[PDB]
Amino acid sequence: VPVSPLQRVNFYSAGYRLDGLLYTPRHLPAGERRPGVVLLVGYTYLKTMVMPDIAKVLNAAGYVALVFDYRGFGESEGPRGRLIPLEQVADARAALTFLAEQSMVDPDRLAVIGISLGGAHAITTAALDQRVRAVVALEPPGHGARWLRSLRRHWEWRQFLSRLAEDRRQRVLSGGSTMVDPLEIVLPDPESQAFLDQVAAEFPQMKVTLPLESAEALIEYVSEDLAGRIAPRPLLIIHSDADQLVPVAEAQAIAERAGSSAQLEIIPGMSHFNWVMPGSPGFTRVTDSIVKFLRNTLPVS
């Protein structure tokens, strides 16, 4: 049975039916198993954003790629907009189980690539799961509280923390968390706000609200504390100084904790959003860096 180059797939995570897209290289010989890559999207992003373009590059280099929506997001089941980082990591581990069961994939040659918050998930997933042979983390927050803290002036952060303590009281006493615009938690600079408005105008189905509980779980989410556990398995961290939404200091703090087997690559012309377009020079420089890392870590041969 020849495998279709593009399949809509479904698999479960904690009883929730997750929705994914499985990219297999065109005209792949029958019986041939290839390295499989799990693609992890960022904060409130849908699986159709950026990842189908990265999967196309990956398929041309001979790799099988799987992207999926986290529980509560996109086409996946789950409490709507309820973002709990360790649940997104558990979803990524269920995606590894599904991908390892595919006929065209070698279960012993699995890799994970994540963008931004998904990059922190790639690190956490590799730390807890030995099936991850290689990891790529693009623009990852190393410490949730430090990352979100840096987006506000100190007085604004203290005020946000008090709002969170009041919400913790209300959800324990009565059951529900206050639902907010995701940009009330990840407070963007005016530049990111303008791009995010453009991306939301194009993908209006990406519109969601998150419970304030998601800010508290993100504050307690420190992928830095687990980065060292990736032991001799390689990690590539791709970041830049130009990133105003996730400071490059986050990538630097992860690289110090991960050690010598990790490699930190700074790309000069690279903001949080200027490299996403497939025709852009930043897209080519990023995807070339990913493909080179995957080639000498998980060779197609």
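Numbers for residues come from their place in the sequence shown, where the first is 1.
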- Query: Got a sec? Mean C-alpha B-factor, which is higher, 220-228 or 79-87?
  - Reply: 220-228
- Message: On mean Cα temperature factor in this entry, is 117-125 or 203-211 the higher one?
- Response: 203-211
- Criterion, highest CA B-factor; candidates, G269, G36, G42, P52: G269
- Task: From the list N10, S13, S280, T24, select the residue with the highest C-alpha B factor recorded in the entry.
- Result: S280
- Query: Going by what the PDB entry lists, where does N274 fall on CA B-factor within its chain: lowest, middle or highest third?
  - Reply: highest
- For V3, does the deposited CA B-factor place it in the lowest, middle or highest third of the chain? middle
- For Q198, the third of its chain into which the C-alpha B factor falls: highest
- Query: Split the chain's modelled residues into thirds by Cα B-factor; is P190 in the lowest, middle or highest one?
  - Reply: highest
- For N59, does the deposited CA B-factor place it in the lowest, middle or highest third of the chain? middle
